[PDB]
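> Pasting in a structure now, in structure tokens, and then I'll have a few things to ask.
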Amino acid sequence: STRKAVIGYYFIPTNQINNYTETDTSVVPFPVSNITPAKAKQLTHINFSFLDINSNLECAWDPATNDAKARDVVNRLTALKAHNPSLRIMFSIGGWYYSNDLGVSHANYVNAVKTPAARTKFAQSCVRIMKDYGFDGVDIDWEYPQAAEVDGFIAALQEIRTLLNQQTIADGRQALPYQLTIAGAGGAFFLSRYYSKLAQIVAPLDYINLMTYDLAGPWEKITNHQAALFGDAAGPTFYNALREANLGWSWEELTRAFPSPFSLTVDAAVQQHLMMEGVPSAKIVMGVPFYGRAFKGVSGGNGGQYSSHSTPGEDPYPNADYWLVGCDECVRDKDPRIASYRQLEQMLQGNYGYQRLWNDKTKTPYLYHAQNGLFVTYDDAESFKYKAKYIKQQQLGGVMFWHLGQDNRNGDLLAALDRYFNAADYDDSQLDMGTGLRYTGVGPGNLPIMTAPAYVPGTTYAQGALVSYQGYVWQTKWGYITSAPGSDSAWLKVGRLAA
Ligand SMILES: CC(=O)N[C@@H]1[C@@H](O)[C@H](O[C@@H]2O[C@H](CO)[C@@H](O)[C@H](O)[C@H]2NC(C)=O)[C@@H](CO)O[C@H]1O
Ligand SMILES: CC1=[NH+][C@H]2[C@@H](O1)O[C@H](CO)[C@@H](O)[C@@H]2O
């Protein structure tokens, strides 16, 4: 069918731009030249990151950026399009550091979207930056607009969309039109900020790239998988904040959509998006991490899963104890809590004391260091088999990942994703998706196909009775009901009739 999107972040800090070199990994660990022609062919999008919104309320580079060096770096990325006529070099505005609630630039995000005039100036600046530097689209990663700010955010996305469409016409770019994406929340707490208006958020986008990772971290009491596909009943559960969003739904409607507590998983986030009317599966992109999250002070018994831990949650990491044995990149980056897949492979291969274990419910690997009490949750080419099959079964738009520098030197994670979507000889028809917990919620946008006998006027229906009526299958919430389905509050729309 339609090719699945494969969207990889290229993140480069300002000091690495300003000192850019392709021949000294101690200055720039992952220069553009490491994205070989083979890797460029396996990507559909590279998200160059991160730009910001400045105090003038315009899209802008970090003001410390050497502009000549920035253009050189971007030009090296756009040169890769010679190897892949489908490849887009997007640019990403925001990210956690700039745009989180306490981030250095947060007020600029709030203010840029707040009024019609601000939105026009902001939208114009986005497209100007896109054209000036040669990017192929705009990606906005505000983490995250609050419920009160959502209407302005929506209007800003709509305005950027119109300007991008104008630019596509001006440049004759119908074969590769300029695109608009966002990085969206991948867990219900942040998602609840804008969930009620999800259809309006997604309408102007080519894709919403779900950040379906960081679902565990040092801010939680209990270690867990950070990107479990399905749930493990032995693992923690979470309050379903979506049931408190301003939806206007009834008790039965909320309960059917938002089981609580629930397992915080990739499947949960995807299904939460599909449950909403007007959110098409083809626009949902599943994010995956190319890094693991490491915890210390864990107990034994279950390989470090679901244990208390003593991992500092502060930023920056508060001391110089780099306790993730074998993680040389952690020493370089002064933080033992995150390890690239590239580094995790070496840690497993060296004499460092790790076991690689597998949770067959979550379909994800983890490392356990029994002697020191360490636990690492990460993803690999095996967990990507199940996630790729899920992407195909659920008819999602594709996959996104953070970030390209964390794949191994040979690009094995990217090559695996490309194989699972595109290789003619790859067969996952027999890949068993397991018995992990699925998110069972149903909403207006994901009604299952059902059959039931036609509703009969005058018949007295007991609680739980199912009838077909006017294109849908309905269930009584109590009994005895004689009203026509949809005419009052007694009937729940539970399914749709096949065409
Ligand atoms: C919002 C999301 O998808 N993930 C959030 C994390 O990005 C964030 O972790 C922080 O990310 C920064 C940007 O990469 C790092 O500089 C910072 O070290 C890191 N902090 C920690 C403790 O991991 C966390 C922070 O609470 O929130 C996630 O939700
Ligand atoms: C889409 C993307 N932007 C965010 C998000 O990924 O999580 C990353 C890893 O936690 C973080 O570094 C970044 O600021």
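Easy rule for this one: first residue shown is 1, then count along the chain.
Technique stated in the header: X-ray crystallography, 1.4 Å.
Keep in mind that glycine also has a Cβ here, set from the backbone N, Cα and C atoms.
For reference, Swiss-Prot lists these features for the protein:
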ACT_SITE  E143  active site, proton donor
BINDING   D67, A68, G94, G95, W96, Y97, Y144, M211, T212, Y213, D214, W402  chitin binding site
DOMAIN    41-424  domain 'GH18'
DOMAIN    437-497  domain 'Chitin-binding type-3'
> Out of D67, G94, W96, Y144, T212, which binding-site residues have CB atoms lying under 6 Å from ligand 2?
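Those binding-site residues that pass the cut-off, since their Cβ is under 6 Å from ligand 2, are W96.
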> Enumerate same-chain residues with a sequence separation of six or more from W96 (chitin binding site) and a Cβ-Cβ distance below 8 A; give 'none' if the list is empty.
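Once residues fewer than 6 apart are set aside, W96 (chitin binding site) is near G103, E143.
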> Which three-state DSSP class does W96 (chitin binding site) fall into?
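The residue in question, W96 (chitin binding site), is helix (DSSP, three-state).
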> Of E143, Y144, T212, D214, the recorded positions listed, which put a C-beta under 6 Å from ligand 1? Please answer none if none do.
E143, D214
> Counting only residues 6+ away in sequence within the same chain, which have a CB under 8 Å from the CB of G94 (chitin binding site)?
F50, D52, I53, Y109, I140, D141, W142, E143, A183
> Would you work out the biggest C-alpha to C-alpha distance among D67, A68, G94, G95, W96, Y97, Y144, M211, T212, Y213, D214, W402, the residues that bind chitin according to the record, and give it in angstrom as a whole number?
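Taking every pair among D67, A68, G94, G95, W96, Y97, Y144, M211, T212, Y213, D214, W402, the longest Cα gap is 35 Å.
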> What count of other C-beta atoms do you get within 10 angstroms of the C-beta of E143 (active site, proton donor), across all chains shown?
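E143 (active site, proton donor) is surrounded by 20 other Cβ atoms within 10 Å.
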> Where does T212 (chitin binding site) sit by DSSP, helix, strand or coil?
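Reduced to three states, the DSSP call for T212 (chitin binding site) is coil.
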> In terms of DSSP three-state secondary structure, what is the assignment for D67 (chitin binding site)?
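Once the DSSP labels are grouped into three classes, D67 (chitin binding site) ends up as helix.
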> Reduced to three states, what secondary structure does DSSP give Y144 (chitin binding site)?
coil
> Provide the three-state DSSP residue tally for the domain 'Chitin-binding type-3' (437-497): helix first, then strand, then coil.
3 helix, 20 strand, 38 coil
> Write out the long-range same-chain contacts of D67 (chitin binding site), meaning residues 6 or more apart in sequence whose Cβ is under 8 Å from its Cβ.
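Listed in sequence order, they are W61.
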